[PDB]
Amino acid sequence: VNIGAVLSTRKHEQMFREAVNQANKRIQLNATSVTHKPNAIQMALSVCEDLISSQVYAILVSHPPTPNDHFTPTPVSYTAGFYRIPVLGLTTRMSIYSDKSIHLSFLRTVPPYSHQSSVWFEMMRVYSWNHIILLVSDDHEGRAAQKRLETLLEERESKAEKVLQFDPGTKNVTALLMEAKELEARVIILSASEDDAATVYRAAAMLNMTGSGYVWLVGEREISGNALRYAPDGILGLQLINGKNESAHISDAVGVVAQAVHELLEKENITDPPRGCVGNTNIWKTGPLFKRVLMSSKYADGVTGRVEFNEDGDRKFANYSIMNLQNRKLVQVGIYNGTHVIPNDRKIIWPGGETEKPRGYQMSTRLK
Amino acid sequence: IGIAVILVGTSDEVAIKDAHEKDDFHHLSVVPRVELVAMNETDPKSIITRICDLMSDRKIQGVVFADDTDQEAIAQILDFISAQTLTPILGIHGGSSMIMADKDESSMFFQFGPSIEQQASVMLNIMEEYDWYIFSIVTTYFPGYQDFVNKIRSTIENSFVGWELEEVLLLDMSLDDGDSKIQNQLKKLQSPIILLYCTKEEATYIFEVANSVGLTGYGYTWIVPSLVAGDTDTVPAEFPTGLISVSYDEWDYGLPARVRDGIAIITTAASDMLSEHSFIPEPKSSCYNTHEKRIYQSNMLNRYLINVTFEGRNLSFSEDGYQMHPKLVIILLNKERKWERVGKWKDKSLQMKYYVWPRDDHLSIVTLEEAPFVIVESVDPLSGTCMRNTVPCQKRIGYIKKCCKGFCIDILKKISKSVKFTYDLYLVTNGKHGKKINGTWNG
Amino acid sequence: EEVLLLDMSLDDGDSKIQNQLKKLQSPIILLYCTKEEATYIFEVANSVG
Amino acid sequence: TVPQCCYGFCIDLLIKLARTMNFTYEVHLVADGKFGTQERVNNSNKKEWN
Ligand SMILES: *[C@@H]1O[C@H](CO)[C@@H](O)[C@H](O)[C@H]1NC(C)=O
Ligand SMILES: *[C@@H]1O[C@H](CO)[C@@H](O)[C@H](O)[C@H]1NC(C)=O
Ligand SMILES: *[C@@H]1O[C@H](CO)[C@@H](O)[C@H](O)[C@H]1NC(C)=O
Ligand SMILES: *[C@@H]1O[C@H](CO)[C@@H](O)[C@H](O)[C@H]1NC(C)=O
């Protein structure tokens, strides 16, 4: 009747316990938390031991310092998927945990990075932009973002002018920039890691690729750290409202788990989860039902707003903030409330310093 | 080198190990060793502990895995272990054998099995064999459907054959309230072939809905990948009779054969590493906290594991983890809810044992070669099949397509169109026209 | 083109009704039955399309 | 790529079209010297024009 938590600090575990206790007053279930470990194998062994010690209906996972999302929550999800025990992620947007083929019984509290592609659609309709180019990286995240953008564009019968890809970690992207320079398109959309984004920023503004026109659109990882340090003025980045916050995510996760447990308690034929990985090898026989109950659960009102789960177990109806870099600063110029984008009363600058939105399309008069 | 072979649950006996001793591997310079380990737990903690004990206590570098259950989490756990331990792991005959896409980077985990693209290519070859150029596509919101559709469309576009590809469906199936929507969009499948792609649980519901609509019958054929079939002996009382599926070779492939193949692959990779770039023939084992394993430089060894000949077998793998030249079989749902092997798929070939594809208005016709009446040409070298004014023509003695034509052929075509009947032309073997010899006819 | 009988007395061949009904390619159908049988036939035809 | 001179009916039509709608041009000859048809490549069986 208890739930498991894997946080990154003792304070986080105490906060989770306090939140679960508070939600209890609104059964005798009590919380259980385990800290992270440097070794992935050690983390898997610890999670297995915790599961064996007491039956767990749901497991929450967080991100410690030096996240390395590619392998931080992966062991927990892999261990929990054997018995089909739902696992909720607190701060993870790698987009690899969305496919049910690999990660089974997984839920998200924050939208993945790929969903940012949707954010680059209202700006495509409110600014009258039709010719764009993509600098997506060559990896799962970049492929997912490109696929989502192409699917969104195909609805209106207008796809990207040219989609280019670059191997991750490359130190020479001059060829791609030169190829994309003569394309009669001024809107540039980038989707890469911090180091890759910083590398692309260098050797790009060198060939007058910044200034007049040349609207730049990026996500959230691009404007951060080294990439942000080298980011040119007029960059239109996206920021998550409550992505950094952890206590709020814990509170909403606890509330949703409690609501799902209360809803499931009414139903009959509720088989108890196995009391130990060793010996037990059959499926829970109720994991799919608990996952279905957890999904499609319209939470009344959480600290981070309305809680909705997508068909892939991802966060639904999120809120983004549009940031425009200017004078080595960052200011908010609009808010995307999941379905639409509303600008604020602040002026929007452009890479060329103009006060009017560039057309973003330069037709060529020299024909071959 | 020491390769550990792990068997879980019911398996063979130590006799298989004998095949690992009296073989070309022993005579090779690799001089490998085998330490068979049998387990009956099949749990993540148990598997991890066994792997760690084998790696630490014993000096080994390669692992061959073979389970008995159908749990797919075993493959993911093996991939995770390989990524962490930085040691090659081969999964065969079980959950580890199930093909999983999007493997973790720097993970040297391989398994026996085909990909979605290979199954789509096999389906297209089967369709082209019997001249089924009109079909549709039905899929659901399941991972891999995009790759399936893209492969089908790419194959159709880059070909000189005349395909149809009338309609393609999505079948959300996620909204419970939209139950009638599935039936509404299912009334557009006039094409004979369907080529469904979905999970077994969704497959049963889709089949029931189609039967309610009336898409299951003598005039409609369904082809599905191995995912829909699942367990061969677990027909859910709803699959229409005559369903065609593509599966991996599970009958003419023994567990000892797979173990020998894995041992040979590992030994050949080790020998190739020793011969070329002999700086480090085989890195030593390790333990927990493998961060100091960068000295091993397994990247060089990884490129060698994707090239194995084995006395003319081409056991090379792919950069993803699936073998490039697998063995595939075509199964058909018999009348008494059974699956029978109809044909096998070689590297680039097809050995279907049915030349007519047996199931009222369908009769056979015999023709003879004549100068102005029945001219027997050959298939078109450009597209591989005949074209306008020509019809398929069998040739007994096993057969060979000829695509006959001529005046009598045109008359037969017009007569068939007028009377609305189907046929299958074939040439005669003995006797030209017919004469009573010893009271018996011929030709 | 063709004529049908649609013997509704034997419901065991109900699956056949949807089968033989998916053959009338002609626009005009010229149905003839009772009101209840007419409603049943119309529902089956709508399901078939 | 020898820079030869070219003229004729097509050149006159191109000059008139360029004069009508303001745009410059850069004429060059086709490499294989063929109008174009769909053919098959020996490797990869990639159907393409020429
Ligand atoms: C309370 O939490 C602790 C975790 O330290 C756990 O061992 C114990 O089983 C929990 N109590 C109940 C009744 O589950
Ligand atoms: C996180 O959210 C909580 C609300 O529960 C708030 O009190 C806290 O200040 C937030 N932290 C940051 C860094 O915004
Ligand atoms: C988002 O804001 C727009 C303002 O134009 C409003 O029409 C829409 O209903 C809002 N949607 C949500 C989910 O708040
Ligand atoms: C081309 O000529 C037109 C006159 O019809 C003029 O309006 C336009 O500016 C010219 N374009 C140039 C000079 O690039």
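### Some points on the sheet that holds strand β2 (residues 32-35) of chain A
Residue and element names in this part refer to chain A. The sheet built from five strands is open, its strands ordered β2-β1-β3-β4-β5 with parallel pairing. For this open sheet the edge positions go to β2 and β5 (106-108), each flanked by a neighbour on one side alone. Sheet twist, expressed as the mean angle between neighbouring strand axes with direction ignored, is 20°. Note: strand β1 (residues 2-7) against β2, four bridges, orientation parallel. The partner of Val6 across the bridge, within β2, is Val34.

### Observations regarding the interface of chain D and chain A
Many structure descriptions define interface size as the accessible area lost when the parts assemble. Counting residues at the interface gives five residues for chain D and four residues for chain A. Looking at the side of chain D that touches chain A residue by residue, the classes come out as two nonpolar, two polar and one charged.

### Overview of the interface of chain A and chain B
In this assembly, 28 residues from chain A lie in contact with 23 residues from chain B. Elements that contribute at least two residues to the side of chain A that touches chain B include exactly α2 (40-53), α3 (74-82) and α5 (140-154) of chain A. In terms of residue count, α2(A) provides more of the side of chain A that touches chain B than any other element does, five residues in total. The class makeup of the residues in the side of chain A that touches chain B is 14 nonpolar, eight polar and six charged.

### Here we look at the environment of A:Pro358
Residue and element names in this part refer to chain A. If you trace the backbone, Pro358 turns up in the loop between β15 (341-343) and β16 (366-367). Between the alpha carbons of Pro358 and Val254 there is a distance of 47 Å; along the sequence they are 104 residues apart. When neighbours within four sequence positions are excluded, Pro358 is seen to be in contact with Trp129, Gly213, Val215 and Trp350.

### Structural notes on the pairing of strand β11 (residues 299-302) of chain A
Residue and element names in this part refer to chain A. Sheet topology note: the β11/strand β12 (residues 305-307) ladder contains two bridges and is antiparallel. Bridge pairing in β12 places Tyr299 opposite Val307. With antiparallel pairing between neighbouring strands as the criterion, β11 and β12 make up a hairpin whose turn holds two residues.

### Some points on the sheet that holds strand β11 (residues 244-248) of chain B
Read from one edge to the other, the open sheet built from four strands follows the order β10-β11-β12-β13 (chain B), with strand pairing classed as mixed. Of all strands in the sheet, those with a lone pairing partner are β10 (223-224) and β13 (339-345) of chain B, marking the two edges.

Each value, and the rule that gives it
- Here, residue numbers run from 1 along each chain following its sequence as written; these need not agree with the numbering used in the entry, and residues that have no coordinates do not appear.
- Throughout, the order in which chains and ligands are written sets their labels, letters from A for the former and numbers from 1 for the latter.
- All values in this entry refer to the displayed chains, which constitute part of a larger assembly.
- In computing side-chain properties, one takes all heavy atoms of the structure into account and sets aside hydrogens as well as water.
- Residues with missing side-chain atoms are left out of burial classes, side-chain pairs and their counts.
- Two strands qualify as a pair provided DSSP detects at least 2 bridges between them.
- A helix here means a DSSP run of H or I that spans at least four residues, while a strand means a run of E at least two residues long, and both kinds are numbered starting from the N terminus.
- Note on method: axes are straight lines fitted to C-alpha atoms, helices fitted across the in-contact stretch only, with angles between N-to-C directions ranging 0 to 180 degrees.
- Residue contacts follow a heavy-atom distance rule, with two residues in contact if any of their heavy atoms lie within 4.5 Å.
- Under the convention adopted here, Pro, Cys and the residues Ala, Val, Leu, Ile, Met, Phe, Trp and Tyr are nonpolar, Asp, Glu, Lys and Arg are charged, and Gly plus all remaining residues are polar.

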